[PDB]
Each structure stands twice: as C-alpha cells, then as structure tokens.
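The structure appears right after this line, and notes come after that.
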Ligand SMILES: NC(=O)c1ccc[n+]([C@@H]2O[C@H](COP(=O)([O-])OP(=O)(O)OC[C@H]3O[C@@H](n4cnc5c(N)ncnc54)[C@H](OP(=O)(O)O)[C@@H]3O)[C@@H](O)[C@H]2O)c1
C-alpha cells in the first residue's frame with residue numbers, strides 16, 4: 224500500500240482503517256480454548272494491533288492521521304461460550320489510553 | 039497471643055473517604071467503591087495483623103513466584119499459614135531450588151508443604167501436563183491434590199516495544215499472561231468433578247490500561263483478564279471457579295516493572311501511597327480470609343489495592359516529569375562537580391590533588407598456621423573441675439596432627455568450603471597454589487626484581503586480591519563433586535568406556551607383516567588357524583589369520599556414572615616437592631598418601647620426621663594405616679593391561695598392594711622400625727585403623743603411630759560399583775534435574791546412592807605425655823574406638839547394627855547405683 | 037568412529053557391521069611361560085566333601 | 017474403589033447446603049443423667065468447618081455408616097431386578 | 024536424494040512457523056515441565072529443631088537482641104511448628120543453659136522460657152501467619168556528587184501492620 | 011542415513027510447533043497475500059452509461 | 066555431634082540413624098538433647114577407602130572451632146527419620162559456644178562397622194598441674210613459630 228508504483232506499491236496513504244475481520248468461534252467455553260480460539264485471538268487483536276503498528280511506521284508526515292475504527296463490543300463476556308472473543312474485543316480499548 | 043479487637047477499623051474510615059485498600063462492587067453503571075464490603079475486608083486484614091490468618095488444608099497453586107518478586111512474598115504467607123502450595127519457576131537451577139528450600143526452612147509452618155516444579159507457562163503442553171500432575175493419583179504419579187486457590191502471576195518484562203514494535207517477545211508475553219493463563223483455568227475446571235470445593239482464582243489485574251508508555255501487549259493482556267467477571271455468570275463453571283481479582287498497585291518491588299523505584303518517593307508526596315513487596319503480599323493474602331472466601335463463592339470480587347493512584351490525572355506526565363527532574367538534578371550536580379574539580383586541579387595544579395586522595399591500604403593474605411589456641415591454666419580449671427591427677431597421661435591417645443588430600447584440597451580448604459561455603463582470601467590463594475594457578479616466582483621478572491605471586495599460565499604478577507576475583511570462578515568450577523574429567527584418568531571417558539568383544543572371524547584377513555617371535559607366539563596361540571611365513575629378505579615373518587579364528591574387536595558403550603569427586607583438577611605433587619623419580623614410578627595413590635603425611639606431621643609441628651627419635655626409640659614409631667583397595671591403578675596394570683601387552687612397568691605388583699603405601703612412607707620419611715600394620719575395612723577402614731592404633735599404643739608397642747586411610751578412584755572400580763547399584767546414576771540425576779554439585783544427598787527423602795571420590799587422610803596419633811613432652815599441638819583426645827560384625831546373613835552389601843554393642847550394658851535393678859561413676 | 041560402518045538388516049532389524057582399513061584390532065596370542073610349577077592344592081580337592 | 021478415607025467438602029452454596037444437613041443430625045445417648053440430650057453427632061462440623069474427612073484404616077467400605085447403605089442398595093437392586101422378571 | 028528433498032519440504036514447512044512467529048517466541052515455547060523434577064518440601068519437624076537451636080546461639084552471641092523484630096518474627100515461625108517433641112527439645116536446652124557464663128545467657132534462658140510457655144499454648148492450635156516485619160517506605164535521594172540512590176527505609180509513624188491498616192483506612196479521596 | 015536422521019531432527023522440531031499450537035492454528039496462519047493478485051476497479055465512466 | 070557415615074544410600078542413612086537413636090536411648094540421653102548430624106559426604110563425596118579420615122578431621126576441626134557444618138544439600142529429610150528423636154539433621158552451619166565431644170561412626174562392606182569418639186582437648190589439659198601446662202604451652206608456642 225505505501226510503496227511506490229515504480230516498485231509495485233500503490234502510492235496511497237491511508238486516511239482511515241476499518242479492521243473488522245473476525246472468526247466465528249462458538250461453543251469454546253473457558254475450558255475448551257482450542258487452537259481455533261488462539262487463531263481467532265490472533266486475527267482480532269494481536270495481529271490487528273500489528274497492522275496499526277505497521278501503518279504508523281509507514282507514515283512519515285504528521286498532517287495526515289489515519290483514523291482507526293475499532294469494532295468494539297458492549298458484551299465483555301456477558302454472553303456465554305464464545306472463546307477468547309471477550310478478552311480480544313476488550314483489549315482493544317487500551318488504545319485510548321495508549 | 040489471641041488478643042481481641044473491639045474497635046474495628048471499619049469505624050475509623052473517615053466519612054465519604056475512600057480507603058487505600060478497598061473492595062469494589064459492580065452495578066449496572068459499573069464498578070464503584072462499596073463501603074460495606076471494603077469495611078469487612080479491612081476488618082479481616084486488621085485481624086490478620088494482630089492475630090493472623092490460617093490456611094490449614096488450603097491447596098494452592100502459585101505461579102511466577104521468582105525470587106525478589108511478589109509471588110515469592112505470598113509464598114512466605116501461604117507456607118506460614120499452613121498451605122499446600124504448588125510453586126513454579128520459569129527456569130530451574132540449583133540456586134533457585136535452594137532459595138526455595140531456605141524459604142521453606144525459615145517459614146515452613148507445621149502441616150505446610152511446598153512443591154517446586156519446572157514449568158513454562160508459555161506452553162499449551164506444559165499446562166496440560168501440570169494440572170494432570172496435580173490432579174492425578176499418586177499411584178499414577180500425580181498428587182491427589184485439589185486446588186483451593188490459584189495465583190497465576192507469571193509475566194515477562196517486556197519494555198520499549200511500542201505499538202509499532204510488537205515483536206515476538208510481545209506475542210510470547212501475551213501468551214504467558216493471558217491466552218495461556220485462561221487455558222490453565224479451563225484445565226483446572228475440567229480436572230474438577232465436585233462442586234463443593236471451588237478454586238478461588240486470584241488475578242493480578244492492573245489499574246493502568248495503556249496509561250503508561252511503551253510496554254507492548256501488557257495492556258490488552260491484563261485488561262482482558264476482567265472479562266472473567268461477566269463470564270463467571272455467562273458460562274457454566276460458576277461453582278468450579280470463583281474469580282477474585284486483585285488490582286495490584288505501585289509495588290516498589292524488583293523485576294516486573296520496578297524500573298521506577300526512584301520516583302516512588304516523589305509520587306508519594308501527593309498523598310498517594312505505594313507498597314513494599316511484603317505489604318503487597320499482605321494486601322493479597324487478605325483475599326483468603328474465610329469470609330472473603332465465601333463472599334467470592336457467590337460474587338465475583340473486584341479488589342482495588344491500588345493505593346489511590348487512580349485519582350491522579352495523566353499520571354504518565356507526572357511520572358515522566360518527576361523522573362526528568364530527578365535526572366536533571368543528578369546530571370547537573372555531576373557535571374558541576376566535575377567542572378569545579380578540574381578547575382581546582384588546574385589552579386592548584388595536578389601535583390597536590392593526588393595528595394588529597396588518601397593513600398589507601400592494599401590487603402594481603404596472612405596465612406598463618408595457628409596451632410589451636412591454648413586457654414590459660416586457671417581458665418581450664420573452670421571448663422573442667424577436679425579432673426586433676428586422675429588420668430595416667432601415658433595411656434591417653436591424642437591426635438597430634440592431621441591432613442588430607444581431598445576434592446577440596448587440604449584439610450583447611452575443605453573445612454572452609456564446608457563450614458563457610460565460600461573460600462576466604464587465604465583459603466583461596468591456597469586452592470590456587472595446589473591447583474597450579476599461581477606460583478611464587480622470585481628474582482627478576484622482565485628486568486624488575488620481584489618476590490611475589492605470579493600467574494602460572496602467562497606468568498604476570500598478580501596482587502593478593504585479584505586471586506579470588508580472578509580464579510574463584512574456575513576453582514569452584516574444577517574442584518569438588520563434578521563431572522569426571524578424563525585428563526585426570528588417562529583418557530577414561532565415561533561416555534566412551536572401552537570394551538573388547540569376543541568375535542569369530544568368518545573370512546581370513548589380509549596377511550600382515552610382523553616380528554619373528556611375535557609370529558611364533560601367534561602360531562602357538564592360534565594353532566593351524568593361522569599361518570606364518572618368513573620374509574627371507576627381512577627374516578621377519580608375515581602372518582595371515584585364517585577363517586575360524588577368534589578375534590577381539592574393540593567397542594565402547596555409553597556409561598552412566600559421569601560424576602565423581604575428583605581431586606582438584608590440576609593438582610600435582612611437584613608443587614609439594616616429591617622427586618620426579620618416585621612420581622614416575624609409584625601408583626598415584628601413594629602420591630596422595632605422601633603429600634598427606636608430610637603436612638600431617640607439619641600439622642603436628644614436626645618439621646623433619648627424625649625429631650621423634652630424640653624422645654623415642656626407633657622401634658617405637660609405627661604406621662598402622664592402610665587403604666580399602668589401594669593400588670587400583672596398578673591392579674589394572676597387572677591384570678587388564680598386561681593381557682593387552684601394553685608397555686608396563688616391570689615391578690608393578692609391588693605397588694598393587696595395600697601395605698605398599700605405608701612402605702613408601704617409611705622408606706621416604708620415617709626410616710623407622712615401629713610396628714607396621716595394615717587394616718582393610720574398605721568403607722569403614724580409616725576408623726578401624728584408629729582402633730588398631732590405640733590397641734597398639736596402649737600396649738606400649740609404640741609411642742607414635744601414623745594412622746589413616748587412603749584410596750583411589752579409577753574406572754574398573756567405578757563400573758563394578760555401578761553394577762552393584764551402589765552409586766547414584768548420573769543420567770537419572772539429570773532427568774531429575776540434579777546438578778552435579780548436589781546429587782550427593784545424604785539423609786534426603788529422594789537419595790539414590792552415594793558418590794565416590796578419591797584421596798587420602800592421615801593422623802599422627804601419639805601417647806599423651808609424649809605429646810606434651812615434645813610440645814606438639816594436641817588437637818584431640820581419642821577416648822573410645824571399637825568395631826563390630828553385624829549378624830549372620832547372605833548379603834555383604836547390607837549393613838547391620840553391630841556397632842551398637844559399644845553401648846550395651848546392664849539394667850536389672852538400680853537401687854544401688856554403681857559407686858564407680860562418682 | 038567412522039573407521040567402521042553399521043547397516044541395518046530390514047528383514048531382521050539386527051545390523052551388519054564392516055570394519056574399515058585403519059581400525060585397531062586385538063589379535064590373540066600366546067607365549068611359552070617359564071613358571072610351570074606351583075604348590076597346587078591336592079588335585080581333586082572339593083568343598084562339597086566338607 | 018473402596019478407599020481408606022473420604023473428605024467431604026462444603027464448597028459454595030450447595031456446599032453449605034450440605035454441611036447443614038450434617039449439622040442437623042442430632043442423636044440421643046441416654047447418659048447417667050437420663051435427660052433427652054438432643055446432642056450432636058459431628059462435634060467437628062460447625063458453621064466454620066469447610067470440609068470434613070472420614071477415615072477407616074481397613075477401608076471405607078468397612079465403616080458401618082457406609083457399608084450398610086452399600087449392602088441395602090445391592091440387596092434391593094438384586095431384588096428389584098428379580099421382580100422385574 | 025529422496026530424504027534430501029523431503030527434508031527440504033519439512034524445512035519449507037518449519038521456516039513458515041518461525042517467519043510468522045519470530046525467533047524469541049519459538050525459543051520461549053519450548054516445553055520444560057517434567058513431573059520427575061518436582062521437589063516436595065515437607066520435613067518441618069526437623070527444621071523446627073534446627074531453628075530453635077539457631078536462635079538459641081544467635082541470642083547468646085548477641086546477633087539477635089530481644090528488642091529486634093526478626094527475633095519475634097522467627098519465634099512466631101517456631102511456634103508455627105510446635106510439636107510435643109519440640110517442647111522437650113527447647114525445655115532441656117533452657118534447663119541447662121548456663122547463666123553463670125555471662126549475661127546473654129540470662130536473656131537466652133528467659134526468652135526461651137517465654138517461647139516455651141507460648142508454644143505450650145499454641146500447641147494443637149492451627150498455624151497462623153502473622154507478619155511483624157517493620158513497614159518500610161521509599162526514600163530516593165541524589166548524592167551531593169549527583170548519584171541517584173534508592174533507599175527503602177523504615178517508616179517512623181507506620182511500623183506494625185496494626186498501624187498499616189489504620190493508615191490504609193485514611194485513604195486518598197480525602198487524602 | 012544422514013539426511014534421514016537430520017530430517018527426523020527437523021521433524022522433532024516441527025511437531026513441537028503443532029503440539030503447542032494445534033492444527034487449526036497452523037492451518038490458518040498460512041500466508042496468502044500476494045501483490046500480484048490485486049484487482050483494481052476503476053472504470054466508473056463506463057458503468058455509468 | 067555425630068559425624069555420620071551418611072553415604073546417601075537407601076539402607077545406610079536409615080540404619081545409621083537407627084543405631085545412633087537406639088544407643089543414645091539405651092545410655093539414657095536426657096530426652097530432647099539430640100546429637101547433630103554432619104554429613105561431609107554431601108560435599109566431598111565418598112572416598113571409598115578413606116571416609117573415616119575425612120570424617121575425623123571434620124570432628125577435630127569441629128572440636129577446635131565449635132562450628133557445626135550442615136548438609137547444604139538437605140533437600141527434604143526423609144519422613145521416616147522423624148521417629149529418631151535423639152538425633153538432629155542440620156542444614157545450616159551453626160557456630161555454637163563449644164563442643165564437648167564428637168562421635169564418628171562409619172560402616173563398611175561385610176559388616177565391619179566402627180565408631181570413634183573424640184573428646185575436646187581441653188578436658189585433657191585439666192588432669193595436669195599448673196607448672197606442666199604452662200611449660201608445655203611455651204614449647205608449643207615455639208614449635209608453632211618454627212612450623213610457621
Ligand atoms: N509488581 C508490580 O508493581 C505489579 C503491578 C501490576 C501487576 N503486577 C502483577 O503481579 C505479578 C508480580 O510481578 P512482579 O512485577 O512483582 O515481578 P516480576 O518480575 O513480574 O516476576 C516475574 C516472575 O514470573 C516468572 N516467570 C517469568 N517468565 C515466565 C514464563 N515464561 N513461564 C512461567 N513463569 C515465568 C518468574 O519466575 P521464575 O524466576 O521462577 O521463572 C518470575 O519470578 C505480575 O505477574 C504482574 O502481572 C505487579
């Protein structure tokens with residue numbers, strides 16, 4: 224995205240990011256956090272933050288900030304068996320302080 | 039001990055004031071300070087303060103309790119109360135487990151049990167196996183435990199990994215702290231079966247969710263831990279687990295993030311409070327009072343131990359400017375000092391400023407010999423009342439000297455490494471001297487005259503202090519029980535113990551040339567199964583082995599016992615002065631016995647052996663010492679070496695003996711004619727020699743007698759001790775993670791056999807009055823000595839209680855006590 | 037060391053081994069010794085008799 | 017799996033909802049006073065005891081309070097299976 | 024050639040893991056737990072007699088005066104392990120503690136008598152955790168030369184946890 | 011024999027990853043992005059008509 | 066003290082304690098006056114022949130200084146040994162105020178065990194009058210400098 228067309232990039236400069244991708248994981252209660260759950264946590268948090276930590280690095284000018292949009296949720300473990308969906312979506316709030 | 043508090047602290051809470059340690063309660067709006075719960079919590083804490091807690095029959099798992107960490111401080115709390123704790127170390131070494139052992143010996147309340155286990159929280163497979171090892175039965179190797187409380191604190195110091203530099207260390211830390219911590223609970227739940235014993239989790243929450251700077255995924259890890267509260271309702275394990283979240287505040291502790299101990303004094307000036315590690319331990323142990331316990335068993339409990347720091351806006355900026363001003367005073371007070379120092383050094387000149395620096399004193403070593411300190415006579419009449427004129431001096435044996443050569447050097451450098459675990463300065467240059475690290479060079483050294491200690495490898499002068507700081511690592515690395523170093527044993531490599539295999543040839547070999555009589559012997563010892571043919575141009579024969587002959591192929595096999603208490607690597611007799619001839623001739627163990635005997639006599643204040651003959655006749659200086667199986671190096675030579683026809687000393691058999699050592703002693707030092715005897719009690723042989731010494735002296739047969747033992751470790755002896763299953767297997771000690779220096783474990787619940795070593799030991803015992811007539815140091819008084827044969831059996835290795843008979847007596851009726859004791 | 041080779045017999049699981057040039061072997065031999073006399077215990081002595 | 021000891025646990029709600037049953041067991045042994053002393057069986061169980069343990073060196077299946085329920089169950093089981101036929 | 028390329032296959036498999044996860048993660052997930060390495064620590068019944076003794080001489084050698092807090096800490100630690108044999112072990116020692124040899128012996132005999140009487144009560148009573156160590160707070164000063172030293176000195180107003188809790192009661196909402 | 015055991019070494023290496031992470035995770039982390047597969051959609055001027 | 070043979074084996078470590086306990090029982094040790102166990106084999110190993118000599122030097126050095134070494138590998142004392150009341154198993158060096166006498170028991174193959182007892186040198190010096198002690202002290206001093 225940030226590389227030049229002469230190198231195959233796009234010359235773009237992201238004004239807004241909408242990282243919504245997520246996995247349907249279900250029935251994985253607290254005791255059955257399985258590989259699908261760790262993969263989902265990776266997709267939703269520990270790789271989502273890496274995407275932003277990359278886009279920041281690719282930026283050089285401080286006049287064009289990239290407004291992130293973060294698909295938060297009001298249900299932090301208030302529902303039943305969804306695996307690591309909670310401590311994924313809730314860890315996204317730390318950015319505000321960060 | 040059980041006072042009684044009437045005025046609960048709950049009444050001391052100032053009106054509408056939030057305490058420093060308050061419980062929070064959830065409402066539809068969220069969490070907020072509840073006065074009732076927090077008042078209760080504080081009351082339990084005060085009771086714990088003046089009376090204390092009890093965790094009898096509390097089964098706890100504690101994780102991430104490294105030394106100098108919070109988790110280590112609640113261990114002292116759990117054990118002191120009577121817990122049943124599982125511990126875990128991300129890394130397991132000797133210093134770790136011994137630290138835990140010191141803790142358990144200093145706070146191991148009766149009933150309490152500790153368990154140290156290696157466990158990495160980063161592995162799905164470590165967590166799978168750990169709870170199994172906890173919840174499985176002893177008959178399957180488990181523990182039969184059932185965790186009442188979990189304290190999963192383990193975490194990684196990750197720092198400087200900002201948002202853009204979330205690296206592999208960050209993902210690993212997130213795994214340790216959240217996505218593997220939850221798996222631990224999801225496992226413990228599965229292992230549970232009864233809903234009457236819920237496991238109170240303790241969750242090290244934090245009040246700073248990304249409010250600090252660059253810590254990587256620390257935030258969205260610790261903050262994802264709060265979802266459990268809602269999940270305790272949403273999911274099904276409400277009764278298996280009860281969550282009890284703690285929000286640990288500013289801990290002025292080590293590791294973790296202690297990176298800030300310097301600004302604690304600063305921020306405490308806002309009326310906010312930090313905590314020491316013991317204080318934070320207390321604050322959390324309060325979460326185990328039997329009433330908080332119940333409270334958790336129906337409600338997830340948020341506990342805010344953050345000491346009010348949450349009332350500081352932009353605490354990040356506050357701490358940053360505090361540390362900034364601290365550094366800005368530090369550096370300017372440093373630089374202005376430097377400037378005014380150099381300004382003076384210019385004005386006053388650099389010729390007097392060196393005179394302001396005081397001429398400090400370098401320390402040397404002061405190796406004395408220091409005979410045991412004599413108390414004054416009248417003083418000794420107080421230790422002992424009227425024992426005077428009672429004993430016949432001529433019939434009291436007294437050890438006047440002693441010495442050793444053991445894996446810790448002489449008797450001094452062993453006693454020090456024993457009673458002190460660390461070498462003093464003198465006891466360090468000595469171990470250097472006998473290990474061949476330093477050599478007292480004298481004369482001119484690179485032009486300059488020199489009389490002092492010098493390195494042995496590069497031969498450069500070294501002060502007496504750099505001895506320790508420079509060699510202490512190596513000395514402790516190459517001395518005492520360690521893995522066997524082959525260069526001390528002629529290439530005996532336990533990993534490649536050599537053996538020969540009886541093998542029958544199937545195809546005649548290629549004819550090779552050999553000598554005349556060798557060919558003749560080959561023919562005579564192989565029969566027609568070989569051929570010999572002379573080379574008329576050489577006279578020496580060719581020989582071809584034919585099909586059907588028996589060959590002996592070499593082979594090796596990985597052996598187990600890779601540890602033995604070698605003599606300090608680098609020990610050499612030349613350092614003592616044994617002539618190179620004798621060195622080249624006799625068995626190594628004789629060297630040990632001689633170097634022991636000389637300094638034993640020295641320890642007796644004897645410079646030259648002949649001094650005895652000034653007060654005693656030549657036929658009254660005996661040597662009742664002897665080995666257990668001494669000479670193994672020569673027994674090997676005469677049995678397994680000659681069979682190979684390796685070039686072997688001709689008269690080896692004169693050293694293979696056991697009296698041949700005392701022979702060399704008399705031949706080289708005493709030249710006496712006293713009673714030579716020689717016991718063999720292989721294990722208990724140096725004590726029976728003392729009994730012989732006494733029955734000798736009291737008989738008047740001799741007035742001085744060397745008495746001691748000695749033996750040498752070698753291959754064939756070790757292998758056969760192994761096949762008897764006597765020495766502890768080294769491989770099985772390393773599967774058990776026992777480091778070499780600690781698998782010699784007397785009286786230990788998990789002992790597994792002994793660890794053999796080499797060396798010698800000598801004592802110059804002597805009649806009493808002759809001792810105090812020569813004026814020698816009476817080091818001791820051998821009162822009693824005996825030996826015994828145990829009982830009829832069919833197994834030599836099994837001991838028995840025969841030695842008990844030294845104390846048997848008669849107890850029929852004591853109305854008339856024996857007047858002879860008065 | 038490399039001075040020999042080992043190879044499994046898949047039909048047996050037990051290996052073949054070939055020694056290579058340069059290895060050290062141990063050939064048996066005998067030599068006529070001198071001391072042919074010693075005061076043996078009476079030939080035929082046996083403890084079972086006791 | 018007849019063990020040698022059994023530890024009852026009064027855990028959360030239903031854990032307390034059991035130890036109260038044990039507490040409620042009040043038997044009578046007419047002493048020298050003769051008074052109908054509604055006295056407690058388990059003086060070791062109270063509002064504080066979190067968990068109680070039984071011990072039988074031979075095996076719990078030999079303790080009278082556990083063996084005779086096992087016997088009456090096995091006997092009634094056999095009888096009912098027979099009556100089913 | 025066959026294993027040489029199949030090995031390349033599993034290599035092009037394995038390098039994917041490290042490329043996606045990075046080194047430190049791969050080095051850290053190395054499972055290390057082995058039930059054989061456990062270390063159970065039980066024999067309190069012996070450490071109790073060890074510690075009684077170690078105190079008995081530390082007292083007479085003046086390395087622990089009665090006013091200290093650590094002596095009381097470990098006396099609590101002692102009575103947290105009292106056994107009917109511990110009482111006898113201490114009792115004999117106190118009986119034969121020779122007073123005429125000096126003054127510290129009197130201190131030792133008397134403190135021992137006190138501890139004996141106490142363990143005779145707390146005997147059969149449940150072990151208790153009662154920390155007595157002195158409360159300490161931070162105190163970071165910079166040297167007059169300019170060196171930053173961090174000292175965790177004792178509080179003067181807050182010395183027992185009995186006082187620490189009252190201090191925690193006064194809180195920071197009204198600071 | 012040499013590659014047959016070194017392959018066993020890297021196998022005892024690789025199986026650790028899957029044992030600690032499990033299958034689905036290993037199957038899901040298979041990187042799939044390739045700049046060559048982009049599809050730019052521009053020609054609005056034609057879709058309009 | 067009782068300088069134990071203590072060869073970290075299964076049978077030895079229990080048999081030795083059994084004998085010490087029983088013999089201190091038969092002689093009527095004052096109850097609650099156990100003897101300490103020092104186990105040099107933890108540190109030096111087991112010098113299959115000369116074990117007694119190392120143990121005896123240990124005993125004499127103890128008699129001199131008054132210190133008592135400890136098994137610094139005393140991980141966890143075996144449960145069975147709690148029944149032997151008349152013994153103690155230190156794991157930490159404890160400098161005492163003085164030791165009267167030390168036992169040294171050592172066990173061998175084929176049931177040749179043995180036991181030595183080393184009483185403090187001081188109790189010897191008290192059998193003899195003043196003049197002899199003082200005169201001996203002078204010669205000792207001289208020998209000490211010469212040996213130094
Ligand atoms: N102290 C504070 O101010 C503070 C503030 C907020 C939260 N907390 C929480 O309280 C806990 C205490 O931490 P701390 O900062 O006081 O000390 P720390 O330096 O965080 O302690 C780390 C401990 O965790 C263990 N550990 C490290 N890596 C591990 C791994 N990969 N697997 C298993 N165990 C591992 C170590 O034990 P071994 O050395 O035995 O391996 C070590 O002793 C933390 O877990 C943290 O979440 C503390």
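Residue numbers (the numbering used here), protein chains in the order written: chain A, 224 to 321; chain B, 39 to 860; chain C, 37 to 86; chain D, 17 to 101; chain E, 24 to 198; chain F, 11 to 59; chain G, 66 to 213.
Backbone N, C-alpha and C fix where the C-beta goes; we use that ideal spot for every residue, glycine too.
Looking at chain G, which residues of the region 447-463 of chain B have a Cβ within less than 8 angstroms of any of its Cβ atoms? Flagged, chain order: 449, 452, 453, 455, 456, 457, 458 and 459.
Kindly provide the chain-ordered list of residues whose Cβ lies closer than 5 angstroms to any non-hydrogen atom of ligand 1. Counting only residues whose CB is nearer than 5 angstroms to a non-hydrogen atom of ligand 1, the list in chain order is 102/B, 104/B, 107/B, 108/B, 127/B, 128/B, 129/B, 158/B, 159/B, 160/B, 191/B, 192/B, 193/B, 214/B, 242/B, 244/B, 286/B, 289/B, 291/B, 293/B and 294/B.
Residue 94/D to residue 17/D, Cα distance in whole Å? Here residue 94/D refers to the residue found at position 78 of the fourth chain. Here residue 17/D refers to the residue found at position 1 of the fourth chain. Taking the straight line from one Cα to the other gives about 20 angstroms.
So residue 79/G packs on residue 153/G, CB below 8 angstroms; how close in whole Å? Position 14 of the seventh chain holds residue 79/G. Position 88 of the seventh chain holds residue 153/G. Rounded, the Cβ-Cβ distance is 16 angstroms, inconsistent with contact.
Could you name the residues of chain A that residue 33/F contacts, counting a contact when the two beta carbons are closer than 8 angstroms? Taking the sixth chain and counting its residues from 1, the one referred to as residue 33/F is at position 23. Those are 258, listed as they occur along chain A.
Could you please tell me which residues of the region 57-69 of chain C, in chain order, have their CB closer than 9 angstroms to any CB of chain B? Answer set for the region 57-69 of chain C: 59, 60, 61, 62, 63, 64, 65, 66, 67 and 68.
Sort 30/F, 14/F and 26/F by Cα distance to residue 221/B and report the nearest one. Mapped onto the second chain, residue 221/B falls at position 183. The closest CA to that of residue 221/B, considering only 30/F, 14/F and 26/F, is found on 30/F.
Cβ contact (3+ pairs, closer than 8 angstroms) linking the region 103-117 of chain G and the region 132-140 of chain E: By the Cβ test, the region 103-117 of chain G is not in contact with the region 132-140 of chain E, since fewer than three Cβ pairs between them sit closer than 8 angstroms.
With 16 other CB atoms within 10 Å as the buried threshold, where does residue 235/A fall? For this step, residue 235/A is matched to residue 12 along the first chain. Per the 10 Å Cβ criterion, exposed.
Residues in its own chain within less than 8 angstroms of residue 95/E by CB, not counting five upstream and five downstream? The sequence position of residue 95/E within the fifth chain is 72, counting from 1. Excluding residues up to 5 positions away in sequence, 155 lie with their Cβ nearer than 8 angstroms to the Cβ of residue 95/E in the same chain.
Between the alpha carbons of residue 766/B and residue 779/B, how many angstroms are there, rounded? In the second chain, counting from the first residue as 1, residue 766/B sits at position 728. In the second chain, counting from the first residue as 1, residue 779/B sits at position 741. Distance between the alpha carbons of residue 766/B and residue 779/B: 13 angstroms.
Is there at least one Cβ from chain G nearer than 8 angstroms to residue 724/B's Cβ? If you number the second chain from 1, residue 724/B lands on position 686. Residue 724/B counts as touching chain G.
Along the chain, where does the beta strand (DSSP E) containing residue 26/F start, and where does it finish? Position 16 of the sixth chain, counted from the start, is the residue given in the question as residue 26/F. No beta strand (DSSP E) contains residue 26/F, which is instead part of the alpha helix (DSSP H) from 12-31.
Consult DSSP for residue 461/B and reduce its assignment to one of helix, strand or coil. Reading the second chain from its first residue, position 423 is the one you call residue 461/B. In this structure, DSSP gives residue 461/B a state outside helix and strand, which the three-state scheme calls coil.
7 angstroms Cβ cut-off: residues of chain C touching residue 563/B: The count along the second chain starts at 1 and reaches residue 563/B at position 525. Under the 7 angstroms cutoff, chain C gives 64, 65 and 66.
According to the neighbour-count rule (16 or more other Cβ atoms, all chains shown, within 10 Å of its Cβ), is residue 159/G buried or exposed? Your numbering for residue 159/G matches position 94 in the seventh chain. By the neighbour-count rule (16 or more Cβ atoms within 10 Å), residue 159/G is buried.
Nearest-angstrom Cα separation, counted from residue 256/A out to residue 272/B: Residue 272/B sits at position 234 when you count from the first residue of the second chain. Residue 256/A sits at position 33 when you count from the first residue of the first chain. Distance between the alpha carbons of residue 272/B and residue 256/A: 15 angstroms.
I'd like to know if the region 393-407 of chain B and the region 81-96 of chain G are in contact, where contact means that at least 3 CB-CB pairs between them fall below 8 angstroms. No, they do not touch.
Please identify, using Cβ separations under 9 angstroms, the residues of the region 145-157 of chain G that lie next to chain E, in order along the chain. Contact residues of the region 145-157 of chain G toward chain E are 146, 147, 150, 153, 154, 155, 156 and 157 (C-beta to C-beta distance below 9 angstroms).
Any residues in the region 12-28 of chain F with a beta carbon nearer than 8 angstroms to a beta carbon of chain E? Which ones, in chain order? Against chain E - using a Cβ distance shorter than 8 angstroms - the residues of the region 12-28 of chain F are 13, 14, 16, 17, 20, 21, 23, 24, 26 and 27.
Answer yes or no: do residue 97/G and residue 123/E have a C-beta to C-beta separation smaller than 8 angstroms? Here residue 97/G refers to the residue found at position 32 when the seventh chain is read from its first residue. Here residue 123/E refers to the residue found at position 100 when the fifth chain is read from its first residue. Not in contact: residue 97/G and residue 123/E (Cβ atoms no closer than 8 angstroms).
So, helix, strand or coil for residue 228/A, using DSSP? The sequence position of residue 228/A within the first chain is 5, counting from 1. Helix.
Do we get a CB-CB distance below 8 angstroms when we pair residue 40/D with the residues of chain B? Here the question's residue 40/D lines up with position 24 in the fourth chain. Interface criterion not met: the Cβ of residue 40/D is under 8 angstroms from no Cβ in chain B.
Take every Cβ of the region 362-379 of chain B, pair it with every Cβ of the region 154-173 of chain E, and state whether three or more of those distances are shorter than 8 angstroms. With a cut-off of 8 angstroms, the region 154-173 of chain E and the region 362-379 of chain B count as touching, because enough Cβ pairs lie within range.
Tell me which residues share the same chain as residue 707/B and place their Cβ nearer than 8 angstroms to its Cβ, disregarding the 5 neighbours each side in the sequence. Looking up residue 707/B in the second chain gives position 669. Close CB contacts of residue 707/B within its chain, under the 8 angstroms cut and outside five residues either way in sequence, are with 632, 635, 636, 639 and 647 (chain order).
With residue 187/G as the anchor, note down where its alpha helix (DSSP H) starts and where it stops. To locate residue 187/G, count along the seventh chain from 1; it is residue 122. According to the DSSP assignment, residue 187/G belongs to the alpha helix (DSSP H) that extends over 187-190.
If you count every other CB in all the chains shown that lies within 10 Å of the CB of residue 735/B, and 16 or more means buried, which is it? Counting from one through the second chain, the residue named residue 735/B turns up at place 697. Around the C-beta of residue 735/B, 16 or more other C-beta atoms lie within 10 Å, and the residue is accordingly described as buried.
Inside the region 674-756 of chain B only - beta strand (DSSP E) runs reaching at least 3 residues: For the beta strand (DSSP E) assignment, the uninterrupted runs of no fewer than 3 residues enclosed by the region 674-756 of chain B are, from N- to C-terminal side, 742-749.
Going along chain A, which residues have a C-beta under 7 angstroms from residue 217/B? On the second chain, position 179 is the one that residue 217/B refers to. Simply 261, 264 and 307.
Look at residue 265/B and residue 309/A and say whether their C-beta atoms are less than 8 angstroms apart. Here residue 265/B refers to the residue found at position 227 when the second chain is read from its first residue. Here residue 309/A refers to the residue found at position 86 when the first chain is read from its first residue. Cβ atoms of residue 265/B and residue 309/A: closer than 8 angstroms.
So residue 378/B is in the alpha helix (DSSP H); what residue range does that whole segment cover? As a position in the second chain, residue 378/B is number 340, starting the count at 1. Here the alpha helix (DSSP H) through residue 378/B covers 353-385.
Enumerated in chain order, which unbroken segments of the alpha helix (DSSP H) with a length of 4 residues or greater are wholly contained in the region 112-153 of chain G? Runs found: 116-130.
Taking the straight line between their C-alpha atoms, what separation do you get for residue 527/B and residue 783/B? Position 489 of the second chain, counted from the start, is the residue given in the question as residue 527/B. Position 745 of the second chain, counted from the start, is the residue given in the question as residue 783/B. Going by C-alpha positions, residue 527/B is about 25 angstroms away from residue 783/B.
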